[PDB]
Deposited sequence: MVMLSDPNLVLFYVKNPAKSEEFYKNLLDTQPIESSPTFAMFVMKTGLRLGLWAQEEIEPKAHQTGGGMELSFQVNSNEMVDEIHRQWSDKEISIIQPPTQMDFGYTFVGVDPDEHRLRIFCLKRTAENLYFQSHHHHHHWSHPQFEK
């Protein structure tokens, strides 16, 4: 479920960098997003900076969950825990999502894919 998200200026060029670095093909690529999955299991996404909401000022630690209801449930838990939230549950083009931040402004995203 875990996914490291890097904001990138150009997903096409970033994807080539990582394909070369990792000597691995991305499992998915597009003009706006590419995803690499490590044999070890770590998942790395490269996401066009211009596509990010909330607007990007350079990465996120993200958690993929099973349904929109699970997204809402975690949102409730995080509110109860007093975790700063910078984007409430929202229908984006790729699915349903919200984002919090830690005490050092690292973004933490929960999402369920369409």
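- No C-alpha positions are given in the record for the deposited-sequence stretches 1 to 6, 64 to 67, 125 to 148.
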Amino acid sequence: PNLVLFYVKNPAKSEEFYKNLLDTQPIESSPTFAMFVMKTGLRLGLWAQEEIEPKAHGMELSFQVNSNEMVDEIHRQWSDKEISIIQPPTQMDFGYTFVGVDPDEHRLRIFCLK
From here on, numbers count along this sequence of modelled residues.
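- When the C-alpha B-factors of 38 to 46 and 78 to 86 are averaged, 38 to 46 comes out higher.
- Mean CA temperature factor is higher for 24 to 32 when stretches 69 to 77 and 24 to 32 are set side by side in the entry.
- In the PDB entry, a CA B factor belonging to the highest third of its chain's modelled residues is recorded for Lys13.
- Sorting the modelled residues of the chain by their CA temperature factor places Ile52 in the middle third.
- For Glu105, the recorded CA temperature factor ranks within the middle third of the chain's modelled residues.
- Annotation for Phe98: CA B-factor lies in the lowest third of the chain's modelled residues.
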